[PDB]
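Peer 1: Quick one: the structure is below, questions incoming.
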Amino acid sequence: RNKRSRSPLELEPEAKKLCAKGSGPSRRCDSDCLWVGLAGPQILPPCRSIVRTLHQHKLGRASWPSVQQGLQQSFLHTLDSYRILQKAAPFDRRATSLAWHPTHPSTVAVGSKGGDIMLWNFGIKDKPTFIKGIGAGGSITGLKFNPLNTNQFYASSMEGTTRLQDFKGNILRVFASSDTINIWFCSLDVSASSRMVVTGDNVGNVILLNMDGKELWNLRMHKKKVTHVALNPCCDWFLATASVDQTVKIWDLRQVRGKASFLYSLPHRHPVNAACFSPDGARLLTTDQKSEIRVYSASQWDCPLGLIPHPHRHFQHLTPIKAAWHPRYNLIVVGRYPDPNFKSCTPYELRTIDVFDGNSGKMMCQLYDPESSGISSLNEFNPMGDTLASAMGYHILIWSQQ
Amino acid sequence: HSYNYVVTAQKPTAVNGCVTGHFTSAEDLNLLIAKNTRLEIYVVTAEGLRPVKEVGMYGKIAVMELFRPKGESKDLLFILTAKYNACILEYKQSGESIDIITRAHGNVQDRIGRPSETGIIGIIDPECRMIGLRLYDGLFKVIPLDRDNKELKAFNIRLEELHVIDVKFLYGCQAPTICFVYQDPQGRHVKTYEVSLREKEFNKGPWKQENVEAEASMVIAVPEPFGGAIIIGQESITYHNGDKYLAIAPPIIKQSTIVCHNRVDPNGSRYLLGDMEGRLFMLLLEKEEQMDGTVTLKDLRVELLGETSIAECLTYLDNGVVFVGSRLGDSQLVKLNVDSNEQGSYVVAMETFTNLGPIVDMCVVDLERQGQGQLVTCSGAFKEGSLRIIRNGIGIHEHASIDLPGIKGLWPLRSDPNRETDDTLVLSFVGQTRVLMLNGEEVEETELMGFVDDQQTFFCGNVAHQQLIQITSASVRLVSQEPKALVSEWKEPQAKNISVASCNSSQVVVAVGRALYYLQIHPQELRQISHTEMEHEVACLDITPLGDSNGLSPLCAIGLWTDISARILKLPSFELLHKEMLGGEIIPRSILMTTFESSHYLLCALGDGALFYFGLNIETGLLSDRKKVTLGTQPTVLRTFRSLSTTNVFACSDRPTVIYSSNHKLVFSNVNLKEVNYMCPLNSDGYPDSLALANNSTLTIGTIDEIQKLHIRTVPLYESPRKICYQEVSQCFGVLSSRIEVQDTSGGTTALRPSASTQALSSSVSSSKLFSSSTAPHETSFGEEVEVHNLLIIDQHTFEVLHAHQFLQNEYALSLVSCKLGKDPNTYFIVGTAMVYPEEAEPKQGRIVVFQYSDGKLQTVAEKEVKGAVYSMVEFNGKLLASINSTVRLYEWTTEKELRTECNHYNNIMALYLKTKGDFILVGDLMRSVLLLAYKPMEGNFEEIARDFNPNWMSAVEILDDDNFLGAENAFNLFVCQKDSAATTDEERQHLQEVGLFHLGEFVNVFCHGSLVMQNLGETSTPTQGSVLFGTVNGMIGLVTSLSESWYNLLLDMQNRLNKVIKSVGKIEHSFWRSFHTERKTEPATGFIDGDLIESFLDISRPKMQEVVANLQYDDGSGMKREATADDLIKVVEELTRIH
DNA sequence: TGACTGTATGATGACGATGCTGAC
DNA sequence: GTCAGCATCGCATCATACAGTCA
């Protein structure tokens, strides 16, 4: 609606749109008009094409919201043409953890149900450096590159450990431990600046450690296993995490004491595997175990700005589907898991990587390939933002562009 | 690593904001003007504007509303910065002391939050009880005032309406009430809330949500006796209150969106409105009453007043005078007459203020002085578009030229005591003297009874008691005016020749070898007072009295042969008061006593070109504050002269110079004349307020320009400039431009106004061929407005439009080059284009066109289409480098006069920016940062050397040298990436490192190598290496230069020292200010030194300068571990100011 | 002795890969 | 003699039961 006009401007210059829907033209419009959907052709004509906007920027005539927005439709373009699959490499078991190199655009490192890590590069070949796990209880549920020295990775395991080890695979030190097990950590995160590490458990407690030793943490957060912990980029002291408890639990890493005295907790109809603050740090995108996508503002963390209905789900040997932010523009990519019982507007739904606007929630694109029919779970764009790595089909996928 | 130095060469010229009130006192009306980081305050007096104070802030001024709290004598000023620094400021005057003191200060940051799309909004309630801040979506920030909090502490409320257009505090309400427009799926609406800082919460607003047009964009709070809100959209104009509702939709407004407003009358009877096309409207509120009085408001009227520059802000002043703040063109002082002219405009311009912004493209040209040019040009936009030519120093306009070689010295003479104008100009030659009379333009030659013509004159001019004086080598002669004969004659008792002479209205001092004689001028007698002999040969003399008239000088400045000394003697005793050794073996050729800005100086010029200057105390005759500058290599003659009732000093040499004062500090400005030997001031009816200049072959008379650091000539184009290139061999410039024309619907397209392109001497239109998108062309009348692009050839002297080539319909000009290619000796203009259609977001098609201009006409030689937008192109070793969409292509120029591809590189999202040095190629990508390419001669192929893996949205790119790369960025930050010079592994060689980061606060559009700084004249070896200028949206021009690591550390430490004492004006830390800051990240500055900070070291007091020194550790370049003094630090910063 | 907090258990769901058939 | 066409095989979340502590 307002949304129709809002996208088509795409604002400064305004001189398009501004019509109050043309008084409905004259209705929804009544009888035959547009329609909504037909908002599409106009999107086609109304635009004042880019290289027209670039010049207005340099004149100060148009705001960054303009150019940045309009650049993301030049991203959505070349996205639809992303259809090519550049490279694929397997290891074994299934893809679980993904870590994008903070600096290096062709370097991505992925985790396994089996405690195996592959370091992978492009323009290279030169087969990847490997580490093999025991393969039964070795599941590493999350992976973060060591910000300080990129040769090391923080990796959370089903082995009873969250550790830092050189990519040659000779471990440096261990932080959080078990001494018992029949339990393990799942969620993990590190914030470069903060030098905080924070890790979760299946029992629901977190354990947060300063990059060296010395925890004050482990007061049980909530009752059920914690799927993700997100350290906000723009905030050191605070946090958000994910549990089967059907709660988000936004936190404050420092002044939180009282054993689940918190600030805001966000309820969900279901359990939640993803926390994922935006590079702004000013939004929280949550992925729920059956159908939903939660966007939360920093203005009223309670009421989410809105929901995008999406077909994902839980399956045991499916690795929990996590939605993720584009590092640069405002976009979401969730892997779609079609079911009979969705509301779906497009049966039969070939199974694809889906891209949503955000700030709107509409689908601006979808990524599909035959010969990998595989269901998408982990999709995380490259920090540069020109490449998308997907660990899904038992293999890893890089798309990039022709 | 990389070490860089940034200084402002030209302060921002765009006017960002416009607020009226007084602030300086209760009695005066003040005008405050924000120019990005600069805040200017003027008082309107009578058909004028008076500068009282100009201050800088460590921030981009975002909010400028000044409020007046109960029981305060005058308005205070609240300013909010783009990095969200808030402060409340007061104007303080203390005798001659003016200081802007910080009452309250605070950041009010929210650690986490998304800055809103319609930007920062600041409002103040009518009772001055609070500050309202719309910083982020879904949140309304509130600063309680109630005096203290002194730190402006704040709280957030939840706003349920998540997208806010505009907000105002209402008048006439019991509780603070806000009125704002917001948009939802239901359209846009007008809402009201009560603000209760009581409870920290909202309460139901006094008004019913009304429904309003969708593009109502601006809210105006109409004052009492009326209150309420006015809401302006694109189609309509409405008034809003509880039961009253008024709506209007004037057709005149439809053509353009109203963007700003200002209140004329305090009662809210009248408003000024300005739109995107610079139209000025008057809004009137008609009053009516029912019983004994009321507020009714009647109805709404709108009137056209006329046309102005496109206004960023408006403020009415008084007596029909409006100030117009423009971002896209010159700012204006405008008069609204009751008589409309032939066009129907009530607007007439009173004063225009030069704005270089937006500066889109620019170039450095050497044309004016042929040796080294130092000319800087830039661009305006839309109806305001222009070329600007910017020049260091002072030019002269010749009106007469007489060839007299060997002329020695110049003096103006007033033979008639009655008209007070010089009707005479007296010239001197070797062993002889010639008199020239001035009747209008006529001169010739004449005799003057009393003046001799067969001895050489050292001085002549007007003297006391209605007399004329001439001093020769033989004698000094006094001459009557009215009856015309020799009244008195002095000769040395032994008839020795006079060697040096100085004279004012009542005193004569002449030297003879070592002898010195002081004579007074009386009626018909030259009376010889006491006399002495000095220790060495007298080199130079001056007896200019400083003070009032007086006209008796107590002091005598003198230079010696033997000891090369400047000493001040008293008259008549000739008693030594100060002997200053100037050093060296080169004799002083000129010495002068002067007063600048009420301050006194001694200037002493050697035969070297060296010039010493000293503070001079007229009471004791003490010389202080020795300082030395260099003014060419020849000996310099110093002569005082008057301009605009101010005192200046002309310096004649191989680099002629004017010396003058601004901000109580000596400045040295260049004269663009080739050479000057002798000079005198001239004021004839034929040559008013003129100058007589002489070189060794010719003698010239003319006038001189305004005394300022930079000269700006404006050549209006009346359309938008985009790119500019100078072409030596054609003696002209190439300019890309576009004009808007509106659909007449039946015939063709027509222009809004005349411009360079509709007014060219000759013109040419693209005829193709085709593409072919023709034959069912697939283009529309939709979106009736169209851009039309042209290449203009503008003559370098007249700046006239020699030729205009219009491009094809819907063709969009992106790049322009001037160069020769291949084995071709012809010089070509090359333009890169894009086809821009409304229904296609990114271009699929583009062109590179090669033109040759010869005698008026340009034939297109090359004419080759490639598929994509031609973003950039650059001459590359006799080849053409070009950006097309995601592709970097290298073209060869073949003997068939066609463009042939040799090389291709494909790894880009969008290559907007290209720069080259040697064989290296810098490609700037839109989203994919920075790229270092190399051409490989043996393969004829491209190699991708290294890239910057940091995501940056680039606005401009430059190569500083083979290893170091300068980048300008969307968040007003600069950064530098370098090639790892140590090889090692491939990893580091494919990585550019950001070793420099710096927040500019400006958006840079263009970089270019060059300097407006002459050669040395040093010094040299030189202080810094390289000189890169840049132009910005705000019209700011800056300079980047390289430093050694030792110097970088020197200036870095000085900064931290400077940073403890400034003051900060609202107390913003220089730190953080210059810190790299985006939506995503923040960080302190490195690799960059703020030249503006270091330069402001001279503007601090002497004791503060010493406090800055302290344990600071100097090096003079050899083995110095030593401590430093106040004067050593000054000399460096003095050095640093001369680089721009 | 309520409580809770921790251990065996077995229902339910429904994605791959690898195993091996039956058969085009 | 490659082919689809079943089949078993890999600590998730949910529901239970009756053992351990521990303010």
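We label chains A, B, ... in the order they appear in the structure tokens, count residues from 1 in each chain, and number ligands from 1 in the order shown.
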Up to 6 Å from chain B, what residues of chain A turn up? Count only C-alpha atoms and give them as a VMD selection string.
Peer 2: chain A and resid 1 to 2 18 20 44 to 45 47 to 50 59 65 103 279 to 280 282 298 to 299 384
Peer 1: Any idea what's packed within 12 Å of residue 1002 of chain B, counting only C-alpha atoms (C1' of nucleotides), ignoring anything in its chain fewer than 5 positions away? Could you give it as a PyMOL selection string?
Peer 2: (chain A and resi 58+60) or (chain B and resi 8+11-14+35-38+59-61+82+357-359+955+968-974+1030-1038+1074)
Peer 1: Restricting it to N, CA and C atoms, dump the selection as a short mmCIF file (atom, residue, chain, number, x, y, z; two decimals), in the first residue's frame.
Peer 2:
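What ended up in part.cif:
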data_model
loop_
_atom_site.label_atom_id
_atom_site.label_comp_id
_atom_site.auth_asym_id
_atom_site.auth_seq_id
_atom_site.Cartn_x
_atom_site.Cartn_y
_atom_site.Cartn_z
N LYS A 58 25.92 13.59 -5.46
CA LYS A 58 27.07 14.46 -5.56
C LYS A 58 26.65 15.93 -5.60
N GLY A 60 24.24 16.71 -3.50
CA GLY A 60 23.65 16.79 -2.18
C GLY A 60 22.14 16.87 -2.27
N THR B 8 42.09 23.06 5.20
CA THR B 8 41.12 23.78 4.38
C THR B 8 41.82 24.86 3.56
N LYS B 11 36.95 27.69 2.81
CA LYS B 11 35.89 27.31 3.72
C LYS B 11 34.60 27.04 2.94
N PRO B 12 33.74 26.16 3.47
CA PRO B 12 32.46 25.85 2.81
C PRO B 12 31.66 27.10 2.50
N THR B 13 31.02 27.14 1.34
CA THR B 13 30.34 28.34 0.88
C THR B 13 28.82 28.20 0.86
N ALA B 14 28.34 26.97 0.85
CA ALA B 14 26.91 26.70 0.86
C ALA B 14 26.26 27.10 2.18
N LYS B 35 27.49 27.27 7.67
CA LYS B 35 28.16 26.75 6.49
C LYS B 35 28.89 25.46 6.88
N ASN B 36 28.11 24.38 6.96
CA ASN B 36 28.61 23.07 7.37
C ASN B 36 29.19 23.06 8.78
N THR B 37 30.50 23.24 8.89
CA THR B 37 31.14 23.26 10.20
C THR B 37 31.34 24.68 10.70
N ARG B 38 30.92 25.65 9.90
CA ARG B 38 31.21 27.04 10.18
C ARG B 38 29.90 27.77 10.52
N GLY B 59 32.00 19.92 14.30
CA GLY B 59 30.78 19.22 13.93
C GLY B 59 30.05 19.83 12.74
N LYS B 60 29.26 19.01 12.07
CA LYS B 60 28.36 19.49 11.03
C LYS B 60 27.13 20.03 11.73
N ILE B 61 26.89 21.33 11.59
CA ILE B 61 25.72 21.94 12.22
C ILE B 61 24.41 21.42 11.61
N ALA B 82 25.95 16.60 13.48
CA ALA B 82 25.62 15.37 12.76
C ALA B 82 26.10 14.13 13.51
N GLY B 357 29.78 25.64 -4.55
CA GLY B 357 29.16 24.33 -4.44
C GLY B 357 27.79 24.29 -5.10
N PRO B 358 27.34 23.08 -5.47
CA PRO B 358 28.23 21.93 -5.33
C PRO B 358 29.35 22.01 -6.35
N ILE B 359 30.54 21.66 -5.90
CA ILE B 359 31.69 21.47 -6.76
C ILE B 359 31.67 20.06 -7.29
N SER B 955 33.10 8.08 -3.27
CA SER B 955 32.59 9.26 -3.95
C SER B 955 33.71 9.79 -4.84
N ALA B 968 37.75 8.96 -0.84
CA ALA B 968 36.72 9.77 -0.20
C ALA B 968 35.43 8.99 -0.15
N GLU B 969 34.71 9.13 0.95
CA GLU B 969 33.67 8.18 1.32
C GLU B 969 32.35 8.83 1.75
N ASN B 970 31.29 8.06 1.61
CA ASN B 970 29.92 8.50 1.83
C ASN B 970 29.60 9.17 3.17
N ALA B 971 30.36 8.83 4.20
CA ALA B 971 30.13 9.34 5.54
C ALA B 971 31.11 10.46 5.84
N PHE B 972 31.54 11.13 4.77
CA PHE B 972 32.37 12.30 4.93
C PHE B 972 33.74 11.94 5.51
N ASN B 973 34.17 10.70 5.28
CA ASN B 973 35.47 10.25 5.76
C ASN B 973 36.44 10.05 4.61
N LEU B 974 37.72 10.30 4.88
CA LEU B 974 38.80 9.93 3.98
C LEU B 974 39.51 8.71 4.53
N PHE B 1030 40.77 18.90 -3.51
CA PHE B 1030 39.43 18.33 -3.68
C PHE B 1030 38.29 19.34 -3.46
N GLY B 1031 37.23 19.17 -4.24
CA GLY B 1031 36.02 19.98 -4.17
C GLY B 1031 34.90 19.20 -3.51
N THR B 1032 33.99 19.89 -2.84
CA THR B 1032 32.95 19.22 -2.06
C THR B 1032 31.56 19.79 -2.31
N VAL B 1033 30.55 19.06 -1.86
CA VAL B 1033 29.16 19.48 -2.00
C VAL B 1033 28.90 20.85 -1.40
N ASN B 1034 29.55 21.15 -0.28
CA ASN B 1034 29.34 22.40 0.42
C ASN B 1034 30.14 23.54 -0.21
N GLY B 1035 30.92 23.21 -1.24
CA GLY B 1035 31.73 24.20 -1.93
C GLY B 1035 33.12 24.34 -1.35
N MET B 1036 33.38 23.56 -0.30
CA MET B 1036 34.69 23.53 0.34
C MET B 1036 35.75 22.99 -0.60
N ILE B 1037 36.92 23.61 -0.56
CA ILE B 1037 38.09 23.10 -1.27
C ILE B 1037 39.21 22.82 -0.28
N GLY B 1038 39.69 21.58 -0.28
CA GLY B 1038 40.76 21.17 0.62
C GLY B 1038 42.05 20.74 -0.04
N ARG B 1074 37.18 13.88 14.27
CA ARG B 1074 37.92 13.43 13.09
C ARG B 1074 37.90 11.92 12.99
#
Peer 1: Nearest to residue 685 of chain B: which of B:617, B:781, B:567, B:422 is it, counting only C-alpha atoms?
Peer 2: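 Using only C-alpha atoms, the shortest distance to residue 685 of chain B belongs to B:422.
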Peer 1: Could you list, as a ChimeraX atom specification, every residue within 12 Å of residue 18 of chain D, counting only C-alpha atoms (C1' of nucleotides) and ignoring same-chain residues fewer than 3 positions away?
Peer 2: /C:6-8
Peer 1: Write out as a PyMOL selection string the residues lying within 12 Å of residue 10 of chain C, counting only C-alpha atoms (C1' of nucleotides) and excluding same-chain residues fewer than 2 positions away.
Peer 2: (chain C and resi 8+12) or (chain D and resi 14-17)
Peer 1: To one decimal in Å, tell me the separation between atom CA of residue 69 of chain A and atom CA of residue 967 of chain B.
Peer 2: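 Computing the Euclidean distance for atom CA of residue 69 of chain A and atom CA of residue 967 of chain B yields 22.1 Å.
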Peer 1: Name all residues at most 6 Å from segment 88-93 of chain A (count only C-alpha atoms (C1' of nucleotides); drop same-chain ones fewer than 3 positions away) and give them as a PyMOL selection string.
Peer 2: chain A and resi 395-397
Peer 1: Take the residues that were just selected and, keeping N, CA and C atoms, output them as an mmCIF file, in the first residue's frame.
Peer 2:
data_model
loop_
_atom_site.group_PDB
_atom_site.id
_atom_site.type_symbol
_atom_site.label_atom_id
_atom_site.label_comp_id
_atom_site.auth_asym_id
_atom_site.auth_seq_id
_atom_site.Cartn_x
_atom_site.Cartn_y
_atom_site.Cartn_z
ATOM 1 N N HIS A 395 27.088 -30.424 0.947
ATOM 2 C CA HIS A 395 28.198 -29.693 0.359
ATOM 3 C C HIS A 395 28.141 -28.210 0.696
ATOM 4 N N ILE A 396 29.142 -27.477 0.222
ATOM 5 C CA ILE A 396 29.147 -26.030 0.351
ATOM 6 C C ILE A 396 28.981 -25.394 -1.017
ATOM 7 N N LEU A 397 28.327 -24.239 -1.047
ATOM 8 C CA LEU A 397 28.018 -23.569 -2.300
ATOM 9 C C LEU A 397 28.448 -22.110 -2.309
#
Peer 1: Could you list the residues in chain A lying within 9 Å of chain D, using only C-alpha atoms (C1' of nucleotides), and format the result as a list in words?
Peer 2: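 Per the criterion, chain A yields residues 93, 137, 182, 244, 314, 315, 316 and 317 of chain A.
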Peer 1: Report, in Å with one decimal, the straight-line distance from atom CA of residue 962 of chain B to atom CA of residue 874 of chain B.
Peer 2: 17.1 Å
Peer 1: Among the residues of segment 179-337 of chain B, find those DSSP assigns to strand (DSSP E or B) from the backbone and print them as a PyMOL selection string.
Peer 2: chain B and resi 179-184+187-196+201-204+210-212+218-221+229-232+237-240+245-248+258-263+270-275+279-285+300-307+311-318+321-326+331-336
Peer 1: Specify as number ranges by chain all residues of chain C found within 8 Å of chain A, counting only C-alpha atoms (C1' of nucleotides).
Peer 2: C: 13-16
Peer 1: If you keep N, CA and C atoms (P, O5', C5', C4', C3', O3' and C1' of nucleotides), can you produce a file of those selected residues as a compact mmCIF listing (two decimals), in the first residue's frame?
Peer 2:
# COMPACT_ATOMS: atom_id res chain seq x y z
P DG C 13 3.57 -37.53 13.52
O5' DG C 13 4.80 -36.95 12.68
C5' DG C 13 5.30 -35.65 12.97
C4' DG C 13 6.72 -35.48 12.46
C3' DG C 13 6.89 -35.55 10.95
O3' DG C 13 6.94 -34.24 10.41
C1' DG C 13 8.66 -36.69 12.13
P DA C 14 6.49 -33.96 8.90
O5' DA C 14 7.78 -34.36 8.04
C5' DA C 14 9.07 -33.95 8.47
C4' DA C 14 10.16 -34.85 7.90
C3' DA C 14 10.09 -35.11 6.40
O3' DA C 14 11.39 -34.99 5.83
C1' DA C 14 10.34 -37.12 7.54
P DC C 15 11.58 -34.40 4.34
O5' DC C 15 13.15 -34.15 4.23
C5' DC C 15 13.77 -33.00 4.83
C4' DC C 15 15.28 -33.09 4.69
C3' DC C 15 15.77 -33.59 3.33
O3' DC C 15 17.10 -33.13 3.09
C1' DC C 15 16.35 -35.15 4.94
P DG C 16 17.58 -32.81 1.59
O5' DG C 16 17.69 -34.25 0.90
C5' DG C 16 18.92 -34.69 0.34
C4' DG C 16 19.87 -35.14 1.44
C3' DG C 16 20.83 -36.25 1.04
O3' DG C 16 22.14 -35.71 0.84
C1' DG C 16 19.60 -36.85 3.05
Peer 1: So that I can check the surroundings of residue 522 of chain B, please list as a ChimeraX atom specification every protein, DNA and RNA residue that reaches within 9 Å of it, counting only C-alpha atoms (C1' of nucleotides) and ignoring chain neighbours fewer than 6 positions away.
Peer 2: /B:464-465,506
Peer 1: Interatomic distance between atom CA of residue 339 of chain B and atom CA of residue 44 of chain B?
Peer 2: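 Going from atom CA of residue 339 of chain B over to atom CA of residue 44 of chain B, I get 23.7 Å.
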Peer 1: Extract, using only C-alpha atoms (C1' of nucleotides), all DNA, RNA and protein residues at most 10 Å from residue 170 of chain A, discarding same-chain residues fewer than 6 positions from it, and format them as a PDB file with N, CA, C and O atoms, in the first residue's frame.
Peer 2:
ATOM      1  N   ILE A 131      40.695 -30.528   8.763  1.00  0.00           N
ATOM      2  CA  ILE A 131      40.850 -31.157  10.073  1.00  0.00           C
ATOM      3  C   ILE A 131      39.705 -32.145  10.300  1.00  0.00           C
ATOM      4  O   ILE A 131      38.533 -31.798  10.137  1.00  0.00           O
ATOM      5  N   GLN A 152      43.158 -18.667  13.578  1.00  0.00           N
ATOM      6  CA  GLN A 152      42.443 -19.365  14.642  1.00  0.00           C
ATOM      7  C   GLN A 152      40.947 -19.198  14.461  1.00  0.00           C
ATOM      8  O   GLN A 152      40.498 -18.173  13.961  1.00  0.00           O
ATOM      9  N   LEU A 164      39.597 -22.522  20.960  1.00  0.00           N
ATOM     10  CA  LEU A 164      40.276 -21.792  19.913  1.00  0.00           C
ATOM     11  C   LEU A 164      41.401 -22.690  19.410  1.00  0.00           C
ATOM     12  O   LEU A 164      42.224 -23.160  20.193  1.00  0.00           O
TER      13      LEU A 164
END
